[PDB]
Each structure stands twice: as structure tokens, then as C-alpha cells.
Amino acid sequence: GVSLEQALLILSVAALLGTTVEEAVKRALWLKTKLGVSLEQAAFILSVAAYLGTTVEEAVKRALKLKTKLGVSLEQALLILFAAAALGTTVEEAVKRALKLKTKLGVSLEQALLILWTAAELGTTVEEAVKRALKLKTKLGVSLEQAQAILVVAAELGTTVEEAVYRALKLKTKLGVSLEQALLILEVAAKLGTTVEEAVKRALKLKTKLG
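Residues numbered from 1 in each chain as written, not as in the entry; some residues may be left out. Heavy atoms only, no water.

**Details of helix α4 (residues 56-70)**
Working note: α-helix, 3.6 residues per turn, so residues spaced by three or four point in the same direction. Stated formally: Strands are runs of DSSP state E lasting at least two residues, helices are runs of H or I lasting at least four, and both sets are numbered from the N terminus onward. Multiplying one less than the number of residues by 1.5 Å gives the expected span of a helix. Between buried and exposed lies partly exposed: a residue is buried under 20% and exposed over 50% of the maximum accessible area for its type, with that area taken using a 1.4 Å probe on protein chains only. In what follows, residue pairs with any heavy atoms lying within 4.5 Å of each other are defined as contacts.
Spanning 15 residues, α4 covers 21 Å between terminal C-alpha atoms, matching the ideal 21 Å at 1.5 Å per step. Buried within α4 are the following residues: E58, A59, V60, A63 and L66. As for α4, its buried residues are in contact with α2 (21-35), α3 (39-52), α5 (74-87) and α6 (91-105). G71 occupies a position one or two residues after α4 and carries a positive phi of about 75°.

Shown next as C-alpha cells:
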């Protein structure tokens, strides 16, 4: 039950790490096996360690200690570490900022941590990122989460958000994928230095390899 999403996430992590898909597969599967987590979560851990600038062992150690410290899930600890690595701050500072933003926007801590990460990814203030994202939310009728993903995809593509949404909706129409999946395909192709068709072709080959 290896999904196209899972294959696309692997391709993305191969690009982030600057290694082959074969190497990223192996590295992700070793870590999934070692920790008994999902493939998606193993890919997320590889991404967090890249962002932290630590080894994977070290990132896992930090995440497990932070789970116990705050009583949160592994996923939440990883998101806190990620938001802190993107901010260049301590986890305590990251969570402090998330809590202030949580109260301001009336969103969850997890949503606030994602916003902080996204603003850092865009090189903008949070206020700017939230303004842009909320414009999209209202204009397109997408979630705040979806709007943030659109901002990030557009940046990877080197285009406006209008361009990114135009392409994503074409992929939805043509291939019957969700907007989320269309955005992921777009992002992966940009990260790999390929066309959308070639990214999807690769993903399918990889999905099968792991069948």
C-alpha cells in the first residue's frame, strides 16, 4: 500500500538531500523500520534533520526528548523542531512565538508553527505571509493550510500564485488528483529540475519498485 504521495515525498527528500532516489529510499526505509513510523514520517524526519543541520540520529534524539518533555506526539515535536530550525531559534522561543500567533489569529499551535515555518521559507514576516495566505483562502475557497502550500509552491516554481494555481487546477482536471496532490507534483518537478510529466513518471516507477 505505497501511495503516489509517498513516492512523491521520497523524490522531494532526494532533492533536498542532494542524493539519488535509490539512496533516499534506502535511507527512509531504514529509518521507518528502525523507529516503526510511517514512510511519510520517516521522510519528514530526514527533512527536519536537513533543516536542523544535524545528523538524523541527532534529530531523532531531539524529537524523542522533546516529546517526553512537552507530552506531545512525535509529529508535533518534529514540527516544533522544524519551526525552530527555520526560525533559527530555540524550541522554547519557537513555541513562545507560536502561542502568541495562535492567540492572535485564533488558530491551533500546529497551524501557528506551520505559519512560522512558511514565512521563513518565503523570506517574509509572518504578518505578510498570513495576509497573503488569507487573501488566497477567501479568493479561492481553500484552507489556510492549502493557501500556505500554494505560496510555497509558487516560490519553488519561480511564479506568481495565479500561475501556480492555474497549473494545479489543470492537473486536477486532467489527472483527477486533489489540489494538494497537484501542488505536490508541481513542487517535486521544480525541486527535481524536471517537467511535471517526468516527475509523475518517476513517482510511478518508484511506487511500483516498492510494490
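Read on, since the account is not over.
**Overview of the packing of aromatic side chains**
Basically, it comes down to this: For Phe, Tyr and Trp, where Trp contributes only its six-membered ring, two rings pair if their centres lie within 6.5 Å, and the inter-plane angle classes them as stacked under 30 degrees, edge-to-face over 60, or tilted in between.
Scanning the entire structure with this criterion turns up four aromatic pairs. On the numbers, 5.4 Å between centres and 90° between planes, the contact of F44 with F82 is edge-to-face. Residue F44 is found in helix α3, and its partner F82 is found in helix α5; the two are separated by 38 residues along the sequence. The exposure class assigned to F44 is buried, which follows from its relative accessible area of 14%.

**Observations regarding the side chain of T159**
Tracing the sequence through the fold places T159 in the loop between α9 (144-157) and α10 (161-175). Accessibility expressed as a relative area gives 19% for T159, which makes it buried. What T159 contacts, discounting residues up to four positions off in sequence, is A154, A164 and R167.

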